[PDB]
Amino acid sequence: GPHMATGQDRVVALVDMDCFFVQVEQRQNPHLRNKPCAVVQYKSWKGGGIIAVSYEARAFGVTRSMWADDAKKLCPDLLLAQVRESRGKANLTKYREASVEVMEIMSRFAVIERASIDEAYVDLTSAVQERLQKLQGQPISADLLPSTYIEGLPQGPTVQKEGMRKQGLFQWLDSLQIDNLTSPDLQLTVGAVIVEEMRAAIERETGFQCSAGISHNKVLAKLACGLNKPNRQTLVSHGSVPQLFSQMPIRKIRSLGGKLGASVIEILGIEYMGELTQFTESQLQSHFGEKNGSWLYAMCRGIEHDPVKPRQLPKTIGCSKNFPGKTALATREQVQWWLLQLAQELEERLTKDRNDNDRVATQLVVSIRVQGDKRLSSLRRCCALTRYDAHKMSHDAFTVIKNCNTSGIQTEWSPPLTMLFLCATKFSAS
DNA sequence: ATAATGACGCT
DNA sequence: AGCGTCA
Ligand SMILES: Cc1cn([C@H]2C[C@H](O)[C@@H](COP(=O)(O)NP(=O)(O)OP(=O)(O)O)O2)c(=O)[nH]c1=O
Ligand SMILES: [Mg+2]
Ligand SMILES: [Mg+2]
């Protein structure tokens, strides 16, 4: 009753760019706008691998990870933009720079946590408090929420989707108690007004469209964001959670899309997130451990405490290249040349980082994958990063891995290497 | 033969 | 430190 926490203490948003790398290429090349379009890396093998897809192309069934030659079979008029290639590898600089454009705009509104190249969580609790003060006790007009969906509405006693959107919004606003500055539903609504403003600013200042979720925590905000992509935002209230979760597959919830989510399903014999409510916290802890158990117990009730961390910048700077199949590296000279290519890209990015962000990386992590091993990494080794010098970094990287080579002939490398990865870590102020 | 990344938990 | 998970 009066002591049961409801997880309604915060207003959190997740803003995610729509088909992000595609929009970056469409801004640059007007010929690609409003067309079925995809971004591809590496053209020679099967036309390249697709890493981003416009919504027009998605309607033909084009997806990420598809080969471009195959995507063209589904969508003969598909247009393609290629990722820049530098020093023999994909170079993602253009998309990193476009990411900064969007992150810097979001940071004007609130503390953000960069969660990927194209999304950030936003803690709007404070911003909402102040806007509520400015807004007297004035009603909130539907005109202030022109792209907002209220999940779960309309309900009760129109055949167009915009008609549906409005009806639900009307029911929501009609029910809202504006006199109470402490109403969680009110707080979420004001949060959504602010996110409309944020999303308009992003589009005005960059040309990029995005979607967003507004709820009381990160997991619900992220889930909400995806419910009405593209170019729309969704409010998921605490009250909407039982119905929303009642048919929500467990794998759709952030962090449950992998092996843990699968074991939840297998061990407990359930399918939907809401079904988790029937287990005691101790029961969930017994199956999945203390941390996962407690997290699941609260999360299936719509409650989560993970804070929006104040971090706009990546914690690591890395670059990697795979060498699949026949191309696996099999000579020492091959290994050294590619370590040099990676180290050169790293130096350039690190030097830029140091100038922009007043920090220096102090540790170098070297990772390789060996032929036959289907793990991401077969081996990780680290050394000190004391100089932003590509030749030193590549030399040092070789030094810490060179003993992996089981070959008798030292000019040869065995087993062949299917991946090289250099990562600069442990930043300190500079 | 998707690739290229990036955060974080466990021991 | 080095490995595993999730995205
Ligand atoms: C998931 C994923 C994304 N990306 C890149 C391309 C995407 O445009 C960008 C953002 O990822 P996303 O938000 O998961 N997908 P999207 O922004 O292209 O499309 P939407 O968010 O579903 O509208 O990151 C990859 O390069 N490999 C990946 O596995
Ligand atoms: Mg996106
Ligand atoms: Mg994203």
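Residue numbering restarts at 1 for every chain, and letters A, B, ... go by the order of the sequence lines.
With A:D16 as reference, A:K229 is the one residue of A:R232, A:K229, A:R199 to meet the salt bridge (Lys or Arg N to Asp or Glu O under 4.0 Å) rule.
Put simply, A:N322 has no side-chain N or O that comes within less than 4.0 Å of OP1 or OP2 on B:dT2.
Geometric assessment of A:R58 against the ring of A:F60 yields a negative cation-pi assignment under the 6.0 Å and 45° thresholds.
Residues of residues 341-376 of chain A that place a heavy atom closer than 4.0 Å to DNA chain B, in numerical order, are A:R349, A:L376. Within a heavy-atom distance below 4.0 Å of DNA chain B, the residues of residues 36-50 of chain A found are A:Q41, A:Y42, A:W45, A:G49, A:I50. Looking at residues 62-79 of chain A, you'll see A:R64, A:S65, A:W67 sit with a heavy atom under 4.0 Å from some atom of DNA chain B. For the segment residues 283-304 of chain A, the set of residues with a heavy atom within less than 4.0 Å of an atom of DNA chain C is empty.
For the residue pair A:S294/A:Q285, the side-chain donor-acceptor check at 3.5 Å is satisfied.
Side chain of A:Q8 to backbone of A:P184: no donor-acceptor contact under 3.5 angstrom is found.
Rounded to whole Å, the P atom of B:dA4 lies 23 Å from the corresponding atom of C:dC6.
Scanning DNA chain C 5' to 3' for nucleotides with an atom closer than 4.0 angstrom to a non-hydrogen atom of chain A gives a first and last hit of C:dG2 to C:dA7.
The separation between A:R96 atom CZ and B:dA4 atom P is 12 Å, rounded to whole Å. Spacing between atom CG of A:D118 and atom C1' of B:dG6 amounts to 13 Å, rounded to whole angstrom units.
Atom-to-atom distance recorded for A:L339:CG and A:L417:CG is 8.5 Å, nearest 0.5 angstrom.
Residues satisfying the salt bridge (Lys or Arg N to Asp or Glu O under 4.0 Å) test with A:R131, not counting sequence neighbours, are A:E197.
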